[PDB]
Amino acid sequence: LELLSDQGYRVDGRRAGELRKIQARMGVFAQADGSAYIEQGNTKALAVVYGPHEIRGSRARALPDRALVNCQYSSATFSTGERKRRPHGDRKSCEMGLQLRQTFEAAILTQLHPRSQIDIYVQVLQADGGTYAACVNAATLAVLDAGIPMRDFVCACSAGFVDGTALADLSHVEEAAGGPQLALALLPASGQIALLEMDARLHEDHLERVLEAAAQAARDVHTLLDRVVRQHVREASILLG
RNA sequence: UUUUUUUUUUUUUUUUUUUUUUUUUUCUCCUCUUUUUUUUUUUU
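Printed below as a string of structure tokens:
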């Protein structure tokens, strides 16, 4: 099957260094302390956060120096072509909630809420392509909506490598083809990387170009989400006064 | 030849948990030429 034509067009019609269309939203729910909604291409995510509160259970599991970040991951049973129902014991959810907890224990400026918990929930309504970056961006928007201070605006994007060229924002068809996939979590102002992942084989000479293309695609996600945040804050500033 | 007074480092600790590798596709596809097919035999 052709994943890159001779003309340079992909299966869905975009070039190598081209992203899908994103359409976000802030303030979806009312009861919670924060909310967000993003649809990156054909993947629909959702995130809900709860502000610093009293530790549930009160089983002396607190930290006297910082706060306790608690991230979960879930997925709807109609999120793909087949039903594929799973119980709440899978290790895919555990590893996704652990990479989420790892990146948000580094992005959030947590040394201001001693002996407090932060509960972050992510719900995926339709998965087609990169799920990690869609969850990270939806929870970055939900955290901004909740007013929790943070060092920067963390954004994530993936990449690939086919026929000696570097792709960007891979889809499920391209992902399920046995290629060197790769994902980041970038802080645009400093250029630092919060998380790095990889699978499948790849030569050592092509790591610089796949990593550079992924970082550039994350910097391209940054501008599009930045205009959404600026329009939202100008909206509320106009409403307030 | 210049008296008298203006307190200070948050209180708390004797919390239960009965799971388990993975996980999810890619179609049908013209094999060229001396033949029947030789064959016992012996030295390993």
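Here the first sequence stands for residues 485 to 725, numbered as in this note's numbering.
For each residue, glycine too, the CB sits at the ideal point set by N, CA and C.
Going by DSSP in three states, residue i sits in which element: helix, strand or coil?
i, result
"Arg509", "strand"
"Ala544", "coil"
"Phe588", "helix"
"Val553", "strand"
"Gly535", "strand"
"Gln676", "strand"
"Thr615", "helix"
"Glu681", "strand"
"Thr707", "helix"
"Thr527", "strand"
Looking at the strands, I want to know which residues DSSP matches up with residue i.
i, result
"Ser558", "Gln607"
"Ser642", "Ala667"
"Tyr521", "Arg509"
"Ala650", "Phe645"
"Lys576", "Its beta-bridge partners do not exist; DSSP assigns none."
"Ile602", "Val553"
From the options, pick the residue whose C-alpha is nearest to that of residue i; which is it?
i, options, result
"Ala678", "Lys528, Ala591, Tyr521 and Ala516", "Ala591"
"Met510", "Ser674, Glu696, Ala531 and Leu671", "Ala531"
"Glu692", "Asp710, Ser563, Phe645 and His656", "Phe645"
"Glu696", "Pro598, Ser559, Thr649 and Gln556", "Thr649"
"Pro548", "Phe513, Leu596, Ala684 and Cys555", "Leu596"
"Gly581", "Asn621, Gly497 and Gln556", "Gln556"
"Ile506", "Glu681, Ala669 and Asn621", "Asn621"
"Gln665", "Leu671, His690, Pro672 and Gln676", "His690"
"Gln586", "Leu628, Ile539, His537 and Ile604", "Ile604"
"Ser577", "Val705, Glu589, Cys619 and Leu593", "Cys619"
"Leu680", "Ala669, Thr707 and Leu686", "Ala669"
"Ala551", "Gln524, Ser600, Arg504 and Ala661", "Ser600"
Which word fits residue i, buried or exposed, when buried means at least 16 other C-beta atoms lie within 10 angstroms of its C-beta?
i, result
"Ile722", "exposed"
"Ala520", "buried"
"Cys639", "buried"
"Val495", "exposed"
"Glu658", "buried"
"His537", "exposed"
"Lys528", "buried"
"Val717", "exposed"
"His687", "exposed"
"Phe562", "exposed"
"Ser642", "buried"
"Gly614", "buried"
Residue i: beta carbon under 8 Å from a heavy atom of the ligand ZN?
i, result
"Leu609", "Inclusion of the ligand ZN in the displayed structure is not the case, the ligand content being empty and no account of it being possible."
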